[PDB]
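Undergrad: Quick one: the structure is below, and I'll ask about it shortly.
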Amino acid sequence: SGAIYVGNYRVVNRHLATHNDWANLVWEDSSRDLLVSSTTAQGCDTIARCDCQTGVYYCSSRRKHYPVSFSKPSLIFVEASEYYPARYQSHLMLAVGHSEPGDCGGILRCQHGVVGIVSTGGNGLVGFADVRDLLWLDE
Ligand SMILES: N#Cc1cccc(CC(=O)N2CCC[C@H](C(N)=O)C2)n1
Ligand SMILES: [Zn+2]
């Protein structure tokens, strides 16, 4: 679990969005596993606007942060799950690092701010949904 809180927006994994997220929907994209909802309170986070390919992510299944080198956002095949049919997930970045079911929502940050959130993983990989191209989150 986990979310990004920036301005009057809450960014979550689309497959973990709550009834309240859907009732306050701003934007969602199944191909990216992202959903953004509106908030009444001002958020605590700021978004990176950069091309960093290294950073640190929070891994809830270890209660620890780990450093990672990750690939540039791209279209990657993701096997079927209870949440989605087998499909290509766009704007996804992969890295070697521990993740297991439950780690989705953990934040990836570089020196510039929030880069994205955990969205996939397994077998010593961890995949992050990029948010750096969503410029409207800043206004
Ligand atoms: N974190 C993590 C992790 C590690 C091992 C396994 C998993 C589960 C996983 O990959 N998916 C299930 C939920 C929806 C996902 C998607 N974006 O399509 C795919 N996550
Ligand atoms: Zn950066």
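As shown in the structure tokens, the chain order sets the letters A, B, ...; within each chain, residues go from 1, and ligands are also counted from 1 in the order they appear.
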Could you pull out the residues sitting within 10 Å of ligand 2, using only C-alpha atoms and all ligand atoms, and write them as a ChimeraX atom specification?
TA: /A:47-55,109-115,132
Undergrad: Please extract the residues at most 9 Å from ligand 1, counting only C-alpha atoms and all ligand atoms, and provide them as a PyMOL selection string, using the chain letters and residue numbers of this document.
TA: chain A and resi 13-16+30-34+59-61+78-89+92+98-106+118-129
Undergrad: Which of range 61-127 of chain A counts as strand (DSSP E or B) under DSSP, as a ChimeraX atom specification please?
TA: /A:64-70,74-78,87-96,107-110,113-122,125-127
Undergrad: Residues of the last selection are to be written out with N, CA and C atoms, as a tab-separated table (two decimals), in the first residue's frame.
TA:
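See selection.tsv below for the written result:
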```tsv
chain	number	residue	atom	x	y	z
A	64	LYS	N	12.22	-1.24	4.97
A	64	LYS	CA	13.54	-0.65	4.67
A	64	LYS	C	13.52	0.09	3.35
A	65	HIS	N	14.45	1.01	3.18
A	65	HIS	CA	14.67	1.66	1.89
A	65	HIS	C	15.88	1.02	1.22
A	66	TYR	N	15.81	0.86	-0.11
A	66	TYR	CA	16.91	0.27	-0.86
A	66	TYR	C	17.29	1.18	-2.04
A	67	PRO	N	18.59	1.28	-2.36
A	67	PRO	CA	19.00	2.03	-3.56
A	67	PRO	C	18.81	1.15	-4.82
A	68	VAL	N	18.48	1.77	-5.96
A	68	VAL	CA	18.23	1.03	-7.20
A	68	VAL	C	18.73	1.78	-8.41
A	69	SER	N	19.13	1.02	-9.43
A	69	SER	CA	19.33	1.53	-10.80
A	69	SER	C	18.12	1.00	-11.60
A	70	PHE	N	17.38	1.87	-12.30
A	70	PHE	CA	16.16	1.44	-12.99
A	70	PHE	C	16.17	1.86	-14.45
A	74	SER	N	9.03	2.50	-20.03
A	74	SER	CA	8.81	1.80	-21.29
A	74	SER	C	7.60	0.87	-21.21
A	75	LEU	N	7.27	0.24	-22.38
A	75	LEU	CA	6.12	-0.66	-22.49
A	75	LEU	C	6.63	-2.06	-22.19
A	76	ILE	N	6.13	-2.69	-21.12
A	76	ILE	CA	6.60	-3.98	-20.63
A	76	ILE	C	5.45	-4.94	-20.45
A	77	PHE	N	5.61	-6.20	-20.90
A	77	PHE	CA	4.57	-7.20	-20.74
A	77	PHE	C	4.44	-7.58	-19.26
A	78	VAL	N	3.18	-7.58	-18.75
A	78	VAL	CA	2.88	-7.97	-17.38
A	78	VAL	C	1.87	-9.11	-17.45
A	87	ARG	N	-1.23	-8.12	-20.36
A	87	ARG	CA	-1.22	-6.90	-21.18
A	87	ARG	C	0.16	-6.22	-21.16
A	88	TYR	N	0.36	-5.17	-21.96
A	88	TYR	CA	1.58	-4.36	-21.86
A	88	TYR	C	1.25	-3.18	-20.94
A	89	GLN	N	2.06	-2.98	-19.91
A	89	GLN	CA	1.91	-1.84	-19.02
A	89	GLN	C	2.89	-0.77	-19.51
A	90	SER	N	2.41	0.44	-19.77
A	90	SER	CA	3.23	1.54	-20.24
A	90	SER	C	3.85	2.35	-19.07
A	91	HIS	N	4.89	3.14	-19.39
A	91	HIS	CA	5.55	4.06	-18.45
A	91	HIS	C	6.07	3.28	-17.22
A	92	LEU	N	6.51	2.03	-17.43
A	92	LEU	CA	7.01	1.19	-16.34
A	92	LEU	C	8.55	1.14	-16.37
A	93	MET	N	9.16	1.20	-15.17
A	93	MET	CA	10.62	1.16	-15.01
A	93	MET	C	10.98	-0.04	-14.17
A	94	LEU	N	11.93	-0.87	-14.61
A	94	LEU	CA	12.31	-2.04	-13.82
A	94	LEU	C	13.65	-1.86	-13.14
A	95	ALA	N	13.82	-2.57	-12.02
A	95	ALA	CA	15.09	-2.59	-11.31
A	95	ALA	C	15.24	-3.87	-10.55
A	96	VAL	N	16.48	-4.22	-10.22
A	96	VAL	CA	16.74	-5.37	-9.37
A	96	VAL	C	16.59	-4.91	-7.91
A	107	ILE	N	7.09	4.43	-2.43
A	107	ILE	CA	7.61	5.51	-3.25
A	107	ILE	C	9.07	5.32	-3.65
A	108	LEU	N	9.37	5.65	-4.90
A	108	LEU	CA	10.72	5.75	-5.46
A	108	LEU	C	11.04	7.25	-5.53
A	109	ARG	N	12.19	7.67	-4.95
A	109	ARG	CA	12.61	9.07	-4.97
A	109	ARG	C	14.03	9.15	-5.48
A	110	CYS	N	14.33	10.26	-6.15
A	110	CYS	CA	15.74	10.62	-6.47
A	110	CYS	C	16.02	11.94	-5.72
A	113	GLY	N	13.05	14.62	-6.13
A	113	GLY	CA	11.69	14.44	-5.64
A	113	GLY	C	11.17	13.05	-5.94
A	114	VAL	N	9.84	12.93	-5.92
A	114	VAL	CA	9.19	11.64	-6.18
A	114	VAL	C	9.25	11.29	-7.66
A	115	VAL	N	9.69	10.07	-7.96
A	115	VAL	CA	9.81	9.56	-9.32
A	115	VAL	C	8.60	8.71	-9.72
A	116	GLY	N	8.18	7.84	-8.80
A	116	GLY	CA	7.07	6.93	-9.11
A	116	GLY	C	6.72	6.03	-7.95
A	117	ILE	N	5.84	5.05	-8.19
A	117	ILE	CA	5.43	4.14	-7.11
A	117	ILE	C	5.59	2.70	-7.53
A	118	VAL	N	5.87	1.79	-6.58
A	118	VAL	CA	5.94	0.35	-6.91
A	118	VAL	C	4.62	-0.13	-7.52
A	119	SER	N	4.70	-0.88	-8.62
A	119	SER	CA	3.50	-1.36	-9.30
A	119	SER	C	3.61	-2.85	-9.67
A	120	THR	N	4.83	-3.38	-9.86
A	120	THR	CA	4.98	-4.82	-10.24
A	120	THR	C	6.24	-5.38	-9.55
A	121	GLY	N	6.46	-6.68	-9.67
A	121	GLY	CA	7.73	-7.25	-9.22
A	121	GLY	C	7.71	-8.76	-9.23
A	122	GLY	N	8.78	-9.33	-8.70
A	122	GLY	CA	8.91	-10.77	-8.52
A	122	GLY	C	10.28	-11.23	-8.93
A	125	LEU	N	13.05	-8.73	-8.92
A	125	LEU	CA	12.80	-7.51	-9.67
A	125	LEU	C	11.75	-6.68	-8.91
A	126	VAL	N	11.75	-5.37	-9.21
A	126	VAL	CA	10.74	-4.46	-8.70
A	126	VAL	C	10.44	-3.46	-9.86
A	127	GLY	N	9.17	-3.25	-10.17
A	127	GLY	CA	8.76	-2.34	-11.25
A	127	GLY	C	8.03	-1.14	-10.71
```
Undergrad: Determine which residues of chain A receive a DSSP assignment of alpha helix (DSSP H), computed from the backbone, and state them as a PyMOL selection string.
TA: chain A and resi 19-23
Undergrad: Can you work out the spacing between CA of residue 43 in chain A and CA of residue 71 in chain A in Å, to one decimal?
TA: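 The value is 27.9 Å.
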Undergrad: May I ask for the distance between CA of residue 130 in chain A and CA of residue 12 in chain A, given in Å to one decimal place?
TA: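 Straight-line distance from CA of residue 130 in chain A to CA of residue 12 in chain A works out to 11.7 Å.
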Undergrad: Skipping near chain neighbours, those fewer than 6 positions away, what residues fall within 9 Å of residue 39 in chain A using only C-alpha atoms, listed as an MDAnalysis selection string?
TA: chainID A and resid 5 7:10 24
Undergrad: Would you please work out which residue, of A:136, A:22, A:131, A:46, is nearest to residue 6 in chain A when using only C-alpha atoms?
TA: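 Ranked by minimum distance to residue 6 in chain A, first place goes to A:46.
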